[PDB]
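Q: Here's a structure for you.
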Amino acid sequence: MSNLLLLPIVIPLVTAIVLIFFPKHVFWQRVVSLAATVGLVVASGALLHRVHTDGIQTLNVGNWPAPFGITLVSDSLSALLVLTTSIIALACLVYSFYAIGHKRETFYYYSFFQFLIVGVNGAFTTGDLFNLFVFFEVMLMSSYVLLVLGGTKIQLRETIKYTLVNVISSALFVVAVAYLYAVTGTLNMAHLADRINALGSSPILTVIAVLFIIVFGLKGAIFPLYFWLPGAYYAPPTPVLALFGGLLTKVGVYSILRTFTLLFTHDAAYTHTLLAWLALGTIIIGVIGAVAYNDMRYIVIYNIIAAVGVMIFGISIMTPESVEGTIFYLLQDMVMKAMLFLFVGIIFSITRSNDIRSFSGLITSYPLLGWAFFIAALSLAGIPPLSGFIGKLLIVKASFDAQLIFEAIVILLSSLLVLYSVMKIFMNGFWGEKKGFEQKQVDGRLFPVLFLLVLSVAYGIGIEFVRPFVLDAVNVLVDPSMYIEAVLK
Amino acid sequence: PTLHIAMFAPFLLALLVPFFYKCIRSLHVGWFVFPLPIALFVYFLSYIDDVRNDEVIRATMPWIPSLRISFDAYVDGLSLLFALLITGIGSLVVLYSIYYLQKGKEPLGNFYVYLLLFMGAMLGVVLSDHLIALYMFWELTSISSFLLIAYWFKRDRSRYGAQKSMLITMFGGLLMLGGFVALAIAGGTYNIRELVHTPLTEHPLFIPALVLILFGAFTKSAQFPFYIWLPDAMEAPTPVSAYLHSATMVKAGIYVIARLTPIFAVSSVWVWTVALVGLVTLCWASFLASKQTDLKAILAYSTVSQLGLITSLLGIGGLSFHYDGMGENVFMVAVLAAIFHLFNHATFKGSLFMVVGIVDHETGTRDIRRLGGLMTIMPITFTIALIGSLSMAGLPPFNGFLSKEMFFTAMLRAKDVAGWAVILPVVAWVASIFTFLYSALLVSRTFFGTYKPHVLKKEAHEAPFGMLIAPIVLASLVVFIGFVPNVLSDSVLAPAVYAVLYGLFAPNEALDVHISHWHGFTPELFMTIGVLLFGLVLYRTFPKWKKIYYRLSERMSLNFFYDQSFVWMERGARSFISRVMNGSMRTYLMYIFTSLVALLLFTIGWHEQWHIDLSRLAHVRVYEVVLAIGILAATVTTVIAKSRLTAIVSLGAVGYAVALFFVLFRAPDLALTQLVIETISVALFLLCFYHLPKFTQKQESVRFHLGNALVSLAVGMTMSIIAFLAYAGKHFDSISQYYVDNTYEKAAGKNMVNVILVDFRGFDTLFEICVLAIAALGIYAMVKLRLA
Ligand SMILES: CCCCCCCCCCCCCCCCCCCC(=O)O[C@H](COC(=O)CCCCCCCCCCCCCC)COP(=O)(O)OCCN
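In structure tokens, the structure reads:
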């Protein structure tokens, strides 16, 4: 009944637990994880229809009232993020069936997979700050182990780096929760939002909001807090990397979004001009890194950084059109970055090399993969029949309506430069004569990538279907009074 | 509505092409592509009766109705002119490509898929009434043209040309999108025909929309300085060159300028920007077109020059909107001139490309210095080339007479509003001189001279008739609008002028009696005679001023600047990431810590930080003082320790004394768990110590760097002062009266830390159990799995 909201959290959790008992039986690992992920997708779709039909769904964990126990809240944005997470998880799991070798999946691989999706799905639906802390460490601990699993020298080194950074940011989130508890005295989102709005003219709230910016920008890579991410994402294997690029940096973006649309609304001018300048720096760093490299993984990594910057710039304007555009761009960018890492993995499987300058002439031997990557590149850029057009269109329109000409031109030129990076991959890798590779039949793993591509194309065609969910999400984001009268009954 | 299945029919047939291509192996696939443009052309002949008697055709297909986006379609005179051009020259280029390409040596299904995507995209560009739909069709045009230029992907220069054309036209298209969005905010709506009936100059977003739309429209139609991509798009197949770079894509910016002229030509920035950049690229391409040594580069710079002519006439036709002195109304003539030469250019330019394509695969070369006497070898294509070149030069019996005399008539009557504009026609005049030169040189170094029986290929150079069909039809249409200019004017060209100059015709008889005007002694006649005589006396002496012309053409170009600009951009970005991304973790920690300190201290210093209330503070007691002195001693001996065991045992002492604080601040559970966890963790540190490698170990002290010490003191004092500011301000109390009031009355417990951990907030204890489980499984996986 009303526990439907926990079915994105409970279903992978149970699954991860029962995958501990039989490590050496890889067939039943695959069967149980596949069936549970399909059930996760079905339950998340049912939750999205539930939050669409009647109102926002709130569940107290015990029978305890709203300030005093843990409350889980699913609005329409969190349900959309859960469904997007479920689709990405299913595609990455089937790619994991074809891609991960035998030895790495005898040692608890699918358990760690399910714990990572537990962490992200719990992070998108929570109503407490410290519970959100705990879900961040579930997510981060599973990401540490998935990064290090296999134990070659490269992933040892960058697991040390990645672990060091996330320990520092975890301690910083602890001290931020401590400061905010000393000011307010509560721990759930809605009641401390009410308490912050009861004393909104104090400077310490601005200082703690800037501290949350620093923490969540260490989580999802903002300038000047991005520096850990290139080597850390250059380390892991391909489906693990698709999980990381699809999911990990985008929960920091959602946390920034929830923080500045729910908690900190008084004295908005300083916080929003800070977000604007950090977002502009993030976009510039991302497009410079995308132009600079002749290496596929680095190109997709800096495209992650650039798209995060565009989303943060959409957050930095308190207009419903900009919020609508960054929600559209958020969903399609999660799906698209997971898709592009799976493409890069297939191309590396063919070429036995990651250098763009080493190989050419893949259209003459792999036409479906080539034209799929062509459509994926043009959908990443923002060409209008494809997915990522209406998001940046609404962002550009909301920036022109608020008199930001230069920043809108920065967004459009960033779209140009990210198109140049991915089309550099396409034109130097797929076109040309044949010199770099040897004919090797790919199998199986192409189909989850094609499934993601078909869903992205159908997303770009069918904006009118997927829009009223985003409209209810915008109606709850730009008005937190409905959020705090839904929880605090 | 029957036009919805006309706009989206080339896309469906582009879906169906490879089916017919690999399932019908006998018949050439282009024949199956052949009827559809024919059908569209015949369908587009069905609207002329409704457009002559000033009636328009409107259609709507909604796409996102809540974001207020549709595929609108609006059909009037200008859109019919462009649609008839697209479909007629499309069917002719399809026929020429049937007879040009081969069957068992060429991928043909790719060719006709790309071409038919381009045709559907261009028909969508022209017919569109919605701005976002227009931008969508614009982008599809750019992508399909990018595909068509690189048709031979196994050769380098095609990929260079496709990359450069892609980057330039995408840059223009994105700034075009920004201008469209600014215009749609300036007006209330998105549809073009409702932006006309509303005022837009009293709005701040009018000039940025003007500059961005104008920037994209100059980028598409190869204006100055953006003409750079069009001479390198000549590595395409010859039907691609003919169709795209004669009639369809290079006129899209022309269509946008002519379409939005009733909105933006009320300002002077639009009309003078358009006119001046048209004159500049006319003269610049007319100068540069005589340097080249192959046919297609000459025709590419020719295309750039006549596009500049058309857009300069569009600028003077924008000057028509302000005022006309006492019913003179002369500037409207410029509009007609533009539209006439627009239509005119398409026809002969298409034929000329087809001509050079023929002679290419009838000789093997296309350079000007190997092919000589081809008059009595190839008479029919010589006739077609002579007709096209004399029409391009601007000579009396062919089309170029009316085009050039209306051009000089429009330019001479436009200098009578400002004195500096007296500079403008004579500059344009020498452009025509330059024009004649290359056109004369074209024919006079293609077919004249003598035959070379040693380098050439074939004893018989007789061309097939099927290749020759479409240039004959284009040359016949050239001759027909030459000798009979009245019927095509009164049928097509007049409602185009009534479209471009909307809301301005209070009478309509002056335009009609100027269309019916053909002869009468004009002062522009001896101007054309002087063009002819000076081009004749300039061409005969051309091997004398040849070196001066070659070195002055070397003296200024624009591909040098673009190539070095991209080398600069990639090298600067690469040196940026080689500077700031060093790889050392110490440096990135310095950047993160410094940014943390800077943002927090600036946020504190920006405010005034009032209301320091020391009344919350508790009374200090001696035991906490002595224990604080103890853990300060352990902290100081763990930062200044020479060996690492000393830092390990000092971290242990810090842990046990934090446990003693937990005892002393009334926290028993914290003390128990803290003692056990610190004993286990210190055992793990001693595990990590004694397996250090014996080489390069050396047991050295902590190295002192001044920046690390400054950053560390700033971090500590920053979080200290934030803790003091937060703890001693205004506050709401807490929510723990409920937990001390309902631990036993509602739950079953007397302990309160444990009841919070398992009953009130027990939902997060489950996931810290999960964190410990992941940690143990990960330690097992790291130790046991050693695949390397
Ligand atoms: C005071 C704590 C009160 C609570 C009681 C806690 C008791 C347990 C504390 C943690 C125990 C960890 C045990 C680890 C193994 C230690 C013995 C083996 C290692 C060893 O001898 O290392 C030497 C010890 O450090 C040295 O020789 C220098 C040691 C410096 C310790 C500094 C402690 C400051 C505390 C300040 C007051 C705090 C009061 C709190 C109530 C380093 O020397 P090496 O390199 O020569 O090794 C000799 C090579 N054969």
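Each protein sequence line maps, in turn, to chains D and A.
Residue numbers are given in the authors' numbering: position 177 of the first sequence equals residue 177, and the series is strictly consecutive.
Residue numbers are given in the authors' numbering: position 666 of the second sequence equals residue 694, and the series is strictly consecutive.
Note that the Cβ used here is the ideal one computed from N, Cα and C, for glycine as well.
Beta-carbon of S111/D versus every beta-carbon of chain A: anything under 9 Å?
A: yes
Q: Going by DSSP, name the residue or residues bridged to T71/D.
A: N60/D
Q: Does any heavy atom of ligand 1 sit closer than 8 Å to the C-beta of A685/A?
A: yes
Q: For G392/A and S504/A, what's the separation of their Cα atoms in angstroms?
A: 28 Å
Q: Quick one: what does DSSP say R568/A is sitting in, helix, strand or coil?
A: coil
Q: Beta-carbon within less than 6 Å of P38/A's beta-carbon, same chain only, minus the 5 sequence neighbours each way: which residues are those?
A: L144, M147, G148
Q: Closer than 8 Å, Cβ to any Cβ of chain D: which residues of the region 85-114 of chain A, in chain order?
A: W91, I92, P93, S94, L95
Q: Using the Cβ count rule (16 or more neighbours within 10 Å means buried), how would you classify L378/D?
A: buried
Q: With a threshold of 9 Å between beta carbons, is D82/A in contact with chain D?
A: no
Q: What is the DSSP secondary structure of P267/A, reduced to helix, strand or coil?
A: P267/A: helix per DSSP, three-state reduction.
Q: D761/A touches chain D at which residues, Cβ-Cβ below 8 Å?
A: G185
Q: Decide yes or no for the touch test of the region 249-266 of chain D against the region 382-401 of chain D: beta carbon pairs closer than 8 Å, at least 3 of them.
A: The region 249-266 of chain D makes no contact with the region 382-401 of chain D, as fewer than three CB pairs between them are under 8 Å.
Q: Does any C-beta atom of chain D lie closer than 9 Å to the C-beta of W638/A?
A: yes
Q: Express the C-alpha separation of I285/A and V10/D in angstroms, rounding to a whole number.
A: 60 Å
Q: Relative to the C-alpha of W180/A, which residue among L453/D, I463/D, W431/D is closest?
A: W431/D
Q: For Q403/D, would you say it is in contact with chain A, using Cβ-to-Cβ distances shorter than 9 Å as the test?
A: yes
Q: Quick check: the region 369-380 of chain A against the region 453-468 of chain A, are at least 3 beta-carbon pairs closer than 8 Å?
A: Taking a cut-off of 8 Å for Cβ pairs, the region 453-468 of chain A and the region 369-380 of chain A do not touch, as fewer than three such pairs fall below it.
Q: Shorter than 9 Å from the beta carbon of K161/D to some beta carbon of chain A?
A: yes
Q: Determine the closest residue to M423/D out of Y188/A, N610/A, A687/A, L734/A, with distance taken between C-alpha atoms.
A: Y188/A
Q: Quick one: any contact between the region 234-248 of chain D and the region 143-152 of chain D, if contact means 3 or more CB pairs under 8 Å?
A: yes
Q: Going by C-alpha distance, which of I451/A, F429/A, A264/A is nearest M439/A?
A: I451/A
Q: What residues in the region 425-458 of chain D bring their beta carbon closer than 7 Å to a beta carbon of chain A?
A: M427, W431, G432, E433
Q: With a threshold of 9 Å between beta-carbons, can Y142/A be considered close to chain D, or not?
A: no
Q: Work out the CA separation of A270/A and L44/A for me, nearest whole Å.
A: 25 Å
Q: In the DSSP output, what is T88/A paired with across the bridge?
A: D100/A
Q: In the DSSP assignment, the alpha helix (DSSP H) including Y162/D goes from what residue to what residue?
A: 153-183
Q: When the Cβ atoms of the region 305-317 of chain A are set against those of the region 336-345 of chain A, are three or more pairs found closer than 8 Å?
A: yes
Q: Taking all protein chains shown into account, decide if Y254/D is buried (16 or more other Cβ within 10 angstroms of its Cβ) or exposed.
A: buried
Q: Do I168/D and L116/D count as a contact pair if the criterion is CB distance below 9 Å?
A: no
Q: For a minimum of 4 consecutive residues, which ranges assigned as the alpha helix (DSSP H) are wholly contained in the region 374-441 of chain A?
A: 407-421, 428-440
Q: Please list the terminal residues of the continuous alpha helix (DSSP H) segment that includes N587/A.
A: 587-608
Q: With DSSP run on the structure shown, which of helix, strand or coil describes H32/A?
A: helix
Q: DSSP on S249/A, reduced to helix/strand/coil?
A: coil
Q: Just curious, the alpha helix (DSSP H) that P696/A is in, first and last residue?
A: 696-717
Q: Count the other C-beta atoms from every protein chain shown that fall within 10 angstroms of the C-beta of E728/A, then say buried if there are 16 or more, exposed otherwise.
A: Counting of Cβ neighbours within 10 angstroms places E728/A among the exposed residues, the total staying below 16.
Q: Could you tell me how far apart the beta carbons of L47/D and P8/D are, in whole angstroms, since I believe they sit closer than 8 Å?
A: Taking C-beta atoms under 8 Å as the contact rule, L47/D and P8/D qualify, at a distance of about 7 Å.
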